[PDB]
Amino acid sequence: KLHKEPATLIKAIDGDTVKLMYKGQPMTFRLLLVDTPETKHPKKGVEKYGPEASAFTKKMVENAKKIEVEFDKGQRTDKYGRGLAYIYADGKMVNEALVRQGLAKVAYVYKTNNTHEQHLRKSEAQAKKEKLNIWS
């Protein structure tokens, strides 16, 4: 069973990457199961909805009273040293919030870390059906 642990915001980087203080050390976290449009890499450049996704996440984590991280059951870091988790702002999952708004797509689904896969896929279908942002 998964469990939530407290963390403290340091800085929001983009739609799906945030820096937090976790168990007293600064770490970069990458949200599990989603992909927000790129705003940094020279390849593909600044994708559409990139800025918007960034703005969404920033606002959500910066306005929260409490931030929590919840690791899945498999690896806890990616090849770049980033923590892989579901992040909550006042008990609301940022990962899901993004999908529900059409600011991210369900992606990077690894069999070892996919506990909330179905939950996110349901939210994505709803955003598609409402033709929001990315799906417009």
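We number the residues from 1 along the sequence you see.
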Which of the two stretches, 58-66 or 107-115, shows the higher mean Cα temperature factor in the record?
107-115
Between 91-99 and 43-51, point out the one with the higher average CA B-factor as the PDB entry records it.
43-51
Pull the Cα B-factor of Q25 out of the PDB entry and bin it into the chain's lowest, middle or highest third.
highest
Entry-reported Cα temperature factor of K19, expressed as the chain third it lands in
lowest
